[PDB]
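The authors' numbering applies: residue 1 is where the sequence shown begins, and numbers increase by one. The next block holds one structure in the form of structure tokens; read it before the comments.
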Amino acid sequence: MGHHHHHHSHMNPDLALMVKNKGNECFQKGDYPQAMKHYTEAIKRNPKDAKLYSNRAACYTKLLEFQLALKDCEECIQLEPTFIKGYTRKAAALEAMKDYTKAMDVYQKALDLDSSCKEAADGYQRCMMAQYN
């Protein structure tokens, strides 16, 4: 069961998937800004990967750069409209714009792409209840 490979054989199938993994691990070390730049260099490896831009948008909330979290998502839908968790972060951004009504539409759209994204359904209760105080 010895995995045979040569000295010029890539054990990594796609380095562009490996740079995004360590991007997510950087964030996991308790980091945000450098983690965004690890996603940005992951974007230099896979620009069409829209769910990779979703992580940038998710950080911009914490940094009060919601404007960037929006505009990154406006083009992200043009790159790959099936970026599911970016809808979850986008709607959380709309919540900060008091657009709870627009937010719940975008959580519905996260569940619409694939309902396995039920994490967005918890975020839905968060945005709907906010106006129903």
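In this text, a Cβ means the ideal position worked out from N, Cα and C, and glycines have one as well.
Where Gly-86 is concerned, the enclosing alpha helix (DSSP H) starts and stops at 84-96.
A straight-line Cα-Cα distance of about 28 angstroms links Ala-121 and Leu-17.
Going by beta carbons, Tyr-100 and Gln-131 fall inside the 8 angstroms limit. Between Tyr-107 and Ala-93, the C-beta spacing is not below 8 angstroms.
Beyond the five residues adjoining it in sequence on each side, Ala-42 comes within less than 6 angstroms, by CB distance, of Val-19, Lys-20, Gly-23 and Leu-52 in the same chain, given in chain order. By the neighbour-count criterion, in which 16 or more other beta carbons inside 10 Å mark a residue as buried, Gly-123 falls on the buried side.
A Cβ-Cβ contact shorter than 8 angstroms links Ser-54 with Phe-83. Here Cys-59 really is in contact with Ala-35; their C-beta atoms are around 7 angstroms apart, less than 8 angstroms. With a contact defined as Cβ atoms closer than 8 angstroms, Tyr-39 and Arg-56 qualify at about 5 angstroms. Non-local C-beta neighbours of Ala-103 in its own chain, meaning closer than 6 angstroms and more than five positions away in sequence, comprise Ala-91, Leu-94, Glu-95 and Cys-127, ordered along the chain.
Membership of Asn-55 in the alpha helix (DSSP H) is indicated by the continuous run 50-60. Within 10 angstroms of the beta-carbon of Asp-49 lie 16 or more other beta-carbons, which makes it buried. Close CB contacts of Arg-89 within its chain, under the 8 angstroms cut and outside five residues either way in sequence, are with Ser-54, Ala-57, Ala-58, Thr-61, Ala-69 and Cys-73 (chain order).
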